[PDB]
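So the chains spell out like this:
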Amino acid sequence: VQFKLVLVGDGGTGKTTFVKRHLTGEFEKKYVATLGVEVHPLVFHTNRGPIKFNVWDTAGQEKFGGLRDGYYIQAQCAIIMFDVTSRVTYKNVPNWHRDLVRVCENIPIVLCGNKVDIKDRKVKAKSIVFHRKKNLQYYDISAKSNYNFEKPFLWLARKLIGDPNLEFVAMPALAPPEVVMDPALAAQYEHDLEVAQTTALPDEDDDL
Amino acid sequence: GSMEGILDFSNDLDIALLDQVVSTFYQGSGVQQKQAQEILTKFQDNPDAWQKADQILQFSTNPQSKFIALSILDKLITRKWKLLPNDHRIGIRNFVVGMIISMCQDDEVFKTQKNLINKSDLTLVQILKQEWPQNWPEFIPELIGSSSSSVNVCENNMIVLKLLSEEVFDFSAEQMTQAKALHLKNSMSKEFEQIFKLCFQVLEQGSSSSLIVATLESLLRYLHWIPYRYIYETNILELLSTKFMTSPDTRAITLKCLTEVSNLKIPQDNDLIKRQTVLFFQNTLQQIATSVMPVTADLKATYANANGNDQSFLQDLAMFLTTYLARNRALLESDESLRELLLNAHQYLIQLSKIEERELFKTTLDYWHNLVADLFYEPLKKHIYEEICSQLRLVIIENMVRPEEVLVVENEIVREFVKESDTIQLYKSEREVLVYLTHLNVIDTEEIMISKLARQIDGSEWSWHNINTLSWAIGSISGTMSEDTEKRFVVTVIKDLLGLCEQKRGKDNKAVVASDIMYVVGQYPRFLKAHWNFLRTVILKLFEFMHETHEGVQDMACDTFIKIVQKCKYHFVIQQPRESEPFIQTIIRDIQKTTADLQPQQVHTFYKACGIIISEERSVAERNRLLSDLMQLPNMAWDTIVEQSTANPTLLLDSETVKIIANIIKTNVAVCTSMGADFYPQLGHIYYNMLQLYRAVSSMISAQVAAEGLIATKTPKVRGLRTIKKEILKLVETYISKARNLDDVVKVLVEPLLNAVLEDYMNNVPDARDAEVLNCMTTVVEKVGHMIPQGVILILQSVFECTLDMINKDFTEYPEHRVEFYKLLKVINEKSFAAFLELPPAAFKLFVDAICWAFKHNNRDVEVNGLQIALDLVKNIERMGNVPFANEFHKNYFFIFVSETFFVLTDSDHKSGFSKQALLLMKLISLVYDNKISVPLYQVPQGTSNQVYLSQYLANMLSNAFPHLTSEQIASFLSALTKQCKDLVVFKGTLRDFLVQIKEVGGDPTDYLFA
Amino acid sequence: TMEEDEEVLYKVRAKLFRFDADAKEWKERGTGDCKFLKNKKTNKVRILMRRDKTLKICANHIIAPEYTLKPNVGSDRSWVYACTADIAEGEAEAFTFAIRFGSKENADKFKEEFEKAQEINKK
Ligand SMILES: Nc1nc2c(ncn2[C@@H]2O[C@H](COP(=O)(O)OP(=O)(O)NP(=O)(O)O)[C@@H](O)[C@H]2O)c(=O)[nH]1
Ligand SMILES: *[C@@H]([C@H](C(N)=O)c1cncnc1)n1cnc(-c2cc(C(F)(F)F)cc(C(F)(F)F)c2)n1
Ligand SMILES: [Mg+2]
C-alpha cells in the first residue's frame, strides 16, 4: 500500500529538514543542498492500516536540479513548500505548481508555508491565496517547532485512501528484551559515554 | 555496476542499457536507485546528450527514457538553440513534429502515453517561442487545418494551444525580454480570430467529452487576456452556463471559465452586456439547483463525505459565487424579478460557509466582509439582505476560533503549548465581519447571543465548544453597542456566566468557565471603568486565580490583569470615592502575597502592569515615591546581594544567587519597559553597582573558560552568568531608547557603560562575546551618537575588527553577531559618519570589504543592511563634495562597488535583493553621468571623460564574465542602461532583460531599445 | 496497541536524544510522554515513549538495573545513559540516550522513579 510523493519548492525552504524530521525525529540545522533528489520511504500507522509514502525530496536550487520534472513522473501526491520568511519563495510557488501539474494532472497537493516559528514573518497569512483556485490544501508549518508537521501527511493519506475519518493510531509495542551489558566491551562504554556526557545537548533554552 | 557505460560516448549508445538504468531509477530502490539517479543526471547534463535524442526516441521501449530525451532537447532549445547550425534546427523541429503526429494517430499510444505526449507538446512550444511566427508563419493555419483530419489530433492541438497561451501570457514576464514577450503576444493576438473559430466550432459540434474538456481547458487560458467581444458577442456564454454545466465531465472546467469571465469589469454603461452578465449567472444557478443540489442541501455533510470530486466542486462553486457577486451583485439588487436569484446565490454561500474547512471558510469569510462593509455604507441595501445577515450571525458565532488570550484547551482541559498564528488572522477576520453585522442589526445580535446563553444555563445545550464559542463571540463585539445597552448586556452575560461556574463543578468545568469570564471582562473596559466596585472585585478575583493550581487559569489571570490595566490604569491611581487610598497603593502593599505562587516570568508581568499605573501619575514627586514602593522587594534583595558580592567576591558562584540576580534585573527590565523615561530614578539607584556586578560576572565567566575550556560556555553556571550580563544590557538599552533627557544619558550613563562593556567584549574569546553588546551600542548611537563622537570612535575600535573576523569566514557562524554587527554599522554610518573618516586606511578598507560581504549573504537581515549601508555611504561621500577623502574614495572603491553590485545582480543567488541592488547600481552609474566625480577614475588617453571609461570598464567586465555574449549585446545593454539611470523603473526592466539574455545564446541586441 | 496488560507507574513530558558518535553530535529522536510500564504478568518495567502527533514509538526498552543516569555538561535538567537493547526502530540496537525535561524538578523526580523501577526489575 505505497504512494509516490514528490516534494518541491525553492532551495532553503526546508524540504529535506521536514522529511528528515518525519524519518528520524531529528532537526538538522545545517543547510546541505539536496542534489537532484533523495528517496526515502516513510510509513504511517492509521486506523485503516499502514500507509507508505515513497518520498521524492527533490532539489530547489536550479544548479542542482538534476532531472527537474523527470522526478514527477507517476507521482500520486505532492507537497509544495515555501518559506514564510522569504517572499521570493511564495512568488515562485506558481512556477513549481505549473511544472508539477503539467506532468501530474490530477493528484492531491498540499501547499506548506514553513518556518512560522521565526518571529519576523514576511509572507502574511492574508496574502496566501494561490491555493484556492488550484484546489490545494494549505497549512502553516514549522519543521523546527513541529507546528502542524503531521497535517500534510494526514490530509494526503485521507485523500489517497479515500476515507475522510482516517486517523493516525499508536503502533502496538512489543515487549523489549532483557539483555545484560557486554563485559568484554564494558571498559569501552566508559569512552563512548564520556564523549556524549561532555557534548552539550542542542537548544538548551527551549521549553523542552 | 556497469550502469556507467552509457556515460561513455566514444561508442554508440546501448539503448537497452539506457532503459535498464531508467527502470532502476523509477522502479528500483536503495543503492541501485541512488546510483542510477547519478548516472542519469550525468547523462542528461552532457553537452552532447541531445545528439543521442533522436535515436532514443526512435528505438526505445521505455516512455520515461523518451521523456528524459525530451528534457535534454528542451534544455538545448531554451539555452542554446541559436548556436546550433540551421540544419540541426530544422531536423529537431521535423523530428518533434513527426513524433507528435505519429503518437496521435496510434489510438493506443494516445490513450496510455499521456505524460509523454504532453512533454512533446511542451517541447514543440519551446520551439515556437524561438521560431514562431517569423520563421514558421503558417503554424496556426496548418494546426487549424490538421484539426479536421482526426479527433486525436484536434484534442492534442488544444493542449498545444493551451500551453502556448500559458507560456506567452501567464509565465513570460520572468522568462523573456520585454521585447520578445510583446512580439509573441502581438503574434497570438493577430492570429486569435482563427483559433477562436476552431474552439467555438468544437464546442458547438460536440464530439466527445475528451475533446471538449481540452477545448475548455484551453479556453480557461485564453480568458486571461482575450478581448471581451469574443465572449459577449458570441453564443459561448449560453453554452458555458447551460450545456457544459450539465455534464460533470465538463462542469469543473466550465465553472473555472465562468469565474474568469466574471472577474473582468464590464463596460459599466451598456445595458446589453449587463443583461448578459445576469443571464449567464441565472443559467448557471438554475443548472446547479436542478442538476447538482438544491439550495437547501447540507453541503457541510456532502463536503465531509468527500465522494469523487465533490470537495473540489464546492470549492470552485464558492469561488465562482464570491467572484461574481463581489463584482456584480448590484446588477441584481434593484430589479425585483432578480431578487430570488440574488438571494438563492447568497443562500448557497450560507451553506458553503458551514463546511468544516478552514481555508474554504476564509474564502467565503472574505466575501462576507466585502458584503457587510458595503451594507454599512451603501444606502438602501441592508434590508435586502436581512435574512442572509441573520443566518450569517449564527454561522460566525458558532465557528469563532479561539482568541490568542484564551490559554486553556482540551486533549482534559489544560494549558496551551504554542502560539497558533494560522488562527490569529482568522479570529480577526471573524471579529470584523461580526462587528459589522452587529452594527447592521444590534437587536438581532443581542437576541441570538442571550438566547444561546439562556440555553447553556438550562444545560439545554451545554458543552465546552458551545459556551466557549459563545463567550469569544460576546467578547469580540465590544464597542458596537451603546454604553447603555452594553451595560445591560454585560450584566446579563456575567450573571449567567457566574451561575454557570456554580453549577458545573469539577476541575475542568471551572477552568473552562473561568477562562470565558476572563476573556469577556477583559474585552469590556468601557464597562469596567464606569463600575468601579465591579472592577475592584474583578481584580481581587484575578489575584485569587494567581494562586490557582491549574496553570492555565493562573497564566491567563496574569495576562487578563495587564490587559485590563492597559485600558483602565487611570482608575487605579486616583483615590476612588469610598476608598481610603488609590488602589495602586493596595496592590503594591500586597505584592509579595499576591505573587507568591507565580513563576518569575509572571511576577515580572505583574510588576510591568504596576508600572503602567504608576506612569499615569504626573506629579513627579508622587510618581517617584510609587516607583520606590513598587521596587522595595527587588531593591532590598539587590542591596543584600551587593554587600555580599563586594565582601568576598565569590558568592556569585552560587547558582541560587545567580538566579536571584537575574530575576532582580528582569524585574527592573519589566518596570522600565512600561515606565520609559520615568524609570530613571530607579535606574540611578542601582546603576553604579550594576555595572560593577557586570564586570564581576565578566571576570567569573572568563575564569571559567580558562579553567574548563570553551565547553564551559555551555554549562548552566556560565549561561546563568551571561544571562545576568544580557539583562543588564537590555535594561540599559530599554531605558536609553525611551529617554527624554539625553543630557543625563551622555553625562551619567554612557561613559560608565562603555568602560564596563567594550574592552570586556574585545578581549574575550569569540564564543564568550555577547552579541547583545552590539545591540546595546546600536541604541546608544541611535539616540545620542551625535553627542558622543569620541564615544562612537571608541565603540568601533573595540568591536569592529574583532567582530568582522568572527563572521568573515563563512555565512553561518555567529548568526546573531552578524545581524547585530551590520545593524550597528548602519546606524554609525548614518549618524556619526565622521567615525569612519578617522578610521585608518587599512581599517576603512576592511569596512568596504565588510559592506560587500553583507551583499553576498542570503540572510535577508544582513543583505538588506549591507545594500543600505553601501547606498548611504555613497550619499555620505557625495556630500563631502570635491575634497581629497572623497576623490580617493572614488579612485579606490567606485569600481569595487559597481562590480560587486553587478556580481550579486547576475549570479542567480540573490534575487530577493534585486530592487536594492538596482538602486545602488543606478546611483553609482548616475554619479558618473552627472560629473559628480571630479577626478578621473583611470590611471587610457588623457582627457577621456569618466563616462567613456566607465563604458569601457563595464564592456570589458561583462565580456570576460559572460563570454558567450556578443560585443553588440553588451554595447546595446550598456547604452540602454546608462541612458536610463534617472528612471528606476525602466533601468530595472533593462537589468531584467539582461538577466534573461545571459541565460541563452544569441540574444537580440535590439531588445534593449524597448523603452 | 499492545499496552493494556501494563500499569503506568510514572508519566512525564520529555525530549529524547540519541548520540551520533560518528558526527559527535546529539540528535533528537522524539518529544512526547515518557511512561514507565510494569508488566502485570512478569513485573518487568520498561520505558515507553511516543512522539506527540504521529504517536510513533521513539523508546522501548527495559529499565535494566545495570544502567546509570549521568548528567550532561550543558544541562541541569537532563540525563545521559547507555542502552544495549532498544527496539523502538525494530531490531534491538544499542544507543547512548539523553532525555531532557521541562524543569530540574522533573529531571530529579525522573531519576527517583527510574531507580525505583530498577529495584522492581531486580526480582
Ligand atoms: N527556524 C526554522 N528553520 C528551518 C525550518 N525548517 C528548515 N529550516 C532550516 O532551513 C534551512 C534549509 O534546510 P533544508 O531542509 O535542507 O531546505 P531544502 O528546501 O531541502 N534545500 P534544497 O531545496 O536546496 O535541497 C536549514 O538551515 C534548516 O535548519 C523551520 O521549520 N524553522
Ligand atoms: C465561579 C467560582 C466563584 N464563585 O468565584 C469560582 C470558580 N473557579 C475558581 N474560583 C471561584 N467563578 C468562576 N469565575 C468566576 C469569576 C471570574 C472573574 C475574573 F475572570 F477573574 F474576572 C471575575 C468574577 C467576578 F468579578 F466576581 F464576577 C468571577 N467565578
Ligand atoms: Mg533539500
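Basis of the calculations
Residues numbered from 1 in each chain as written, not as in the entry; some residues may be left out. Chains lettered and ligands numbered in written order. Heavy atoms only, no water. Residues with missing side-chain atoms left out of burial classes, pairs and counts. UniProt positions renumbered as here; feature names shortened; annotations may be inferred. Axes fitted to C-alpha atoms, helices over the stretch in contact; angles between N-to-C directions. Helix = DSSP H or I, 4+ residues; strand = E, 2+ residues; numbered from the N terminus. Parallel < 35°, antiparallel > 145°, perpendicular 65-115°, else oblique. Left-handed = near helix turned anticlockwise from the far one by under 90°. Contact = heavy atoms within 4.5 Å. Salt bridge = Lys/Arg side-chain N within 4 Å of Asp/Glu carboxyl O. Buried < 20%, exposed > 50% of the residue type's maximum accessible area, 1.4 Å probe, protein only. Pairing = 2+ DSSP bridges.

This deposited entry lists X-ray crystallography as its structure determination method and 2.4060 Å as its resolution.

Per the PDB entry, the recorded name for chain B is Exportin-1, and the organism is Saccharomyces cerevisiae. Recorded in UniProt under Function, the annotation for chain B is "Receptor for the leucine-rich nuclear export signal (NES)." Checking UniProt for chain B, the heading Sequence similarities contains the comment "Belongs to the exportin family."

Labelled according to the PDB entry, chain A appears under the name GTP-binding nuclear protein Ran, originating from Homo sapiens. What UniProt states about chain A under its Catalytic activity heading is, verbatim, "GTP + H2O = GDP + phosphate + H(+)". Note on chain A: under the UniProt heading Sequence similarities, the record states "Belongs to the small GTPase superfamily. Ran family."

Enquirer: Explain the packing of helix α12 (residues 209-222) of chain B against helix α15 (residues 248-263) of chain B here, please?
Expert: Think of two packed helices as two axes; the pair is described by the angle between the axes and how far apart they sit. All names here are of chain B. Relative orientation of the contacting elements α12 and α15 amounts to 15 degrees, with a least axis distance of 9 Å. Classified by the angle between their axes, α12 and α15 sit roughly parallel to one another. Here the hand of the crossing between α12 and α15 comes out left-handed. Taking contact as the criterion, the partners of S209, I212, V213, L216, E217, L219 and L220 in α12 are, on α15, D249, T250, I253, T254, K256, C257 and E260.

Enquirer: Would you mind going over the pattern of salt bridges with me for this structure?
Expert: Pairs can form between side chains of opposite charge once their charged atoms are near each other. Scanning the entire structure with this criterion turns up 83 salt bridges over all chains. Between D205 of chain A and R719 of chain B there is a salt bridge, with its nearest N and O atoms 3.9 Å apart. Pair noted here: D205 of chain A is in the segment after α6 (189-198) and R719 of chain B is in helix α38 (residues 716-738), and the two residues belong to different chains. Residue classification places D205 of chain A among the exposed positions, given a relative accessible area of 69%. In this structure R719 of chain B comes out as partly exposed when scored by relative accessible area, which is 23%. The partner of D872 of chain B in a salt bridge is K875 of chain B, and the shortest N-O contact between them spans 3.7 Å.

Enquirer: When you look at the pairing of strand β6 (residues 137-140) of chain A in this model, what are you seeing that I'm missing?
Expert: Taken residue by residue, a regular strand's side chains alternate between the two faces of the sheet. All names here are of chain A. The alternating pattern of β6 places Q137 and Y139 on one face and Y138 and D140 on the opposite face, and all of these are buried. In terms of strand pairing, strand β5 (residues 109-114) meets β6 through four bridges, oriented parallel. Bridged to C112 within β6 is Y139.

Enquirer: Where do I start with unusual backbone geometry in this structure?
Expert: What you tend to see is this: most non-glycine residues have negative phi, and most peptide bonds are trans. With omega at -10 degrees, the peptide bond leading from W132 of chain B into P133 of chain B counts as cis. Note that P133 of chain B resides in the loop between α7 (114-131) and α8 (139-146). Residues other than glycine seldom take positive phi values, yet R68 of chain A does so here, at roughly 60 degrees. Position of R68 of chain A relative to the elements: it lies in the loop between β3 (49-58) and β4 (77-83). A positive phi is found at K24 of chain C, a non-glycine position, where the angle reads about 60 degrees. Secondary-structure assignment places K24 of chain C in the loop between β1 (6-20) and β2 (25-39).

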